[PDB]
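Report on one structure; see the data block that follows.
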Amino acid sequence: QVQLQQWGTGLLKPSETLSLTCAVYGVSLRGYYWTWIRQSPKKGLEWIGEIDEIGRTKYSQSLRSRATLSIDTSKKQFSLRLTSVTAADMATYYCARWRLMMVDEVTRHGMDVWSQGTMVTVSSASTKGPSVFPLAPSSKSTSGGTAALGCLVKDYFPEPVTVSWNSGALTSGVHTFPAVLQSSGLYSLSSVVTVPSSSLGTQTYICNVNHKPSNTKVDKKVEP
Amino acid sequence: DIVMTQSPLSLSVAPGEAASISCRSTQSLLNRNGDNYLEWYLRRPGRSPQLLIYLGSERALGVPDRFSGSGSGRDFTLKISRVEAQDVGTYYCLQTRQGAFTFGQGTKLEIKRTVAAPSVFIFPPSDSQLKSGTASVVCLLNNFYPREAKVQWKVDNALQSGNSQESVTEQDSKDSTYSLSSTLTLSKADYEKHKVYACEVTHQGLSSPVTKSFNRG
């Protein structure tokens with residue numbers, strides 16, 4: 001029931017500075033070490049640094065030059081700052097809580113709690129809102145009892161897009177495919193759901209798209 | 001400066017069989033007691049990392065008995081006695097000994113399940129998109145295995161290349177199936193020019209290529 005929530009800069013232009021902050025709900029920061037771990041295909045899984053409740057920090061040598069770990073026990077939130085962001089700094093970033101036990105040496109019992117993840121994109125492109133188009137059921141979409149419909153998130157920058165069906169009520173058969181990056185530099189994504197064909201017409205299917213970088217939340221109706 | 005190299009980069013195991021991901025470090029992770037500073041993490045499809053093994057052999061909380069770490073010194077082996085559908089994802093080994101805190105390459109676990117066939121659906125473009133000046137036709141391949149598939153687009157029986165982008169979901173943690181979405185995009189005028197737009201699907205589970213088509217244009 002421990003929750004680690006991450007927020008901060010999702011889109012940076014090169015040489016600007018990254019801000020990411022993790023708010024811990026459930027436990028005090030006291031008694032643990034707190035680490036920022038990033039994942040990218042270029043860097044793989046990479047340890048950035050850990051922090052104490054006192055304020056003591058341990059950094060990776062490569063990132064030591066431009067990384068500043070902070071903590072505020074009263075507000076129960078720690079932060080990582082990465083300066084002079086380069087194309088190698090574009091990655092998914094996580095905050096983790098170490099579990100440690102002292103038997104004459106601080107032994108580490110693993111990072112029990114991780115965060116949701118915050119994609120950080122390094123690019124000069126401006127934020128563009130997505131276009132939502134309905135993929136509708138038809139004789140071609142239907143296949144016996146199973147019928148297929150969809151929601152198309154056509155053109156958006158940067159990456160974070162969240163799609164839910166029927167305001168979260170419909171998770172049965174909901175497939176949200178990985179986005180594709182077009183030649184135009186913008187992304188494209190499709191989310192689909194397979195329902196019984198009898199449900200068409202009588203039931204009301206809606207797809208909720210939420211692109212927070214552009215502050216664009218649209219609810220689109222899929223009509224057969 | 002401690003490098004972690006994992007032996008099997010990708011592994012497909014049948015449900016009920018055993019998997020053995022191996023890890024190796026340049027320098028020994030041993031301490032005075034005999035404990036090793038190695039931890040195993042599992043990143044399921046779409047989720048954040050979870051902790052499996054710590055201190056070489058100790059299971060985390062909520063980690064089933066199947067997962068079992070072992071090994072000492074530089075070589076280490078994570079063993080899963082009975083792989084199940086939920087075990088899908090990429091696995092990592094991490095050293096905590098010498099302050100580089102370096103992970104491993106990664107290792108995808110895939111469930112060797114029954115050969116299945118794609119349920120092919122095709123979606124014509126939206127009325128709103130045509131008004132926007134572009135036209136996108138979607139083809140859907142649902143719940144198939146293996147991952148390998150071919151989705152060719154044919155407009156008026158003319159194969160079209162360079163106008164489509166495809167995306168494949170990861171293995172379903174329940175039925176171990178995949179799904180594919182291909183989107184043919186082109187101009188509004190170019191969509192008025194041709195008549196029939198078909199999506200030809202090739203898969204192992206199918207006897208012959210399956211084609212689906214809509215004819216308005």
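The alpha carbon centroids of segment A:1-17 and segment A:38-52 are separated by 14 Å. With neighbours defined as other Cβ atoms within 10 Å of a residue's Cβ, the residues A:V180, B:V201 order from fewest to most as A:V180, B:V201.
Other chains' Cβ within 10 Å of B:25-38 residues: what's the mean? Please list the in-between numbers first.
Values: counts 0, 0, 0, 0, 0, 0, 2, 2, 4, 0, 2, 0, 2, 0.
Average neighbour count from other chains, rounded to a whole number: 1.
Rounded, prolate or oblate, given the Cα gyration tensor of the protein assembly as shown, with a/c below 1.5 counting as rounded? Prolate, because a/c is 1.5 or more and a/b exceeds b/c. Residues considered: B:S22, B:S68, B:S132. Largest GNM mean-square fluctuation over chain B, using C-alpha springs under 10 Å, is found at B:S132. The Cα center of segment B:84-106 and the Cα center of segment A:100-130 differ in position by 14 Å. Using θ = phi - 60° in the Karplus curve 6.51 cos²θ - 1.76 cosθ + 1.60, the 3J(HN,Hα) couplings for segment A:10-23 round to x, 9, 10, 8, x, 6, 7, 10, 8, 10, 9, 9, 10, 9 Hz; x is entered for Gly and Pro. Within the set of other residues whose C-beta is less than 13 Å from the C-beta of A:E16, count the net charge using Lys and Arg as +1 and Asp and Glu as -1. Around A:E16, the charge tally is +2.
Which ordering of A:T21, A:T118 is given by a fewest-first count of other beta-carbon atoms within 10 Å?
Details: A:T21 19, A:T118 22.
In increasing order of surrounding Cβ atoms, one gets A:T21, A:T118.
Tell me the net charge near A:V153. Cut-off is 14 Å between Cβ atoms, A:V153 excluded, with +1 for each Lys or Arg and -1 for each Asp or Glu.
Numbers: positive: A:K128, A:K154, A:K212, A:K217, A:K220; negative: A:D155, A:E159, A:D219.
Surrounding charge for A:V153 is +2.
Largest mean-square fluctuation among B:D65, B:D75, B:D87, in a Gaussian network model of chain B whose springs join Cα atoms under 10 Å apart, belongs to B:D65. Remark: A:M119, A:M102, A:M111 ranked as A:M102, A:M119, A:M111, counting other beta-carbon atoms within 10 Å and listing the fewest first. Taking label positions 7 Å along the Cα-Cβ direction at both B:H194 and A:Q5, the computed distance is 4.9 nm, reported to one decimal. Roughly how many whole Å is it from the C-alpha centroid of segment B:1-64 to that of segment B:141-216? Their Cα centres are 38 Å away from one another.
Near A:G110: Cβ cut-off under 15 Å, other residues only, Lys/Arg at +1 and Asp/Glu at -1. The net charge is +1.
Just to be sure I understand: with springs between alpha-carbon atoms less than 10 Å apart, which residue in B:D175, B:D127, B:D35 has the highest mean-square fluctuation in the Gaussian network model of chain B? Result: B:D127 has the largest fluctuation of those listed.
Pairs A:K220/B:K193; B:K154/B:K212; A:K43/B:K79; B:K79/B:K108; A:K128/A:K217; A:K42/A:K154: which are spaced more than 18 Å apart, C-alpha to C-alpha?
Values: A:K220/B:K193 29 Å; B:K154/B:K212 10 Å; A:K43/B:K79 26 Å; B:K79/B:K108 14 Å; A:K128/A:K217 13 Å; A:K42/A:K154 27 Å.
Result: A:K220/B:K193; A:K43/B:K79; A:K42/A:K154 exceed 18 Å.
Every residue, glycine among them, receives a Cβ derived from its backbone with ideal geometry; neighbour counts consider all protein chains shown. Every number in this text was worked out from the coordinates using simple rules, so none of it is lab data.
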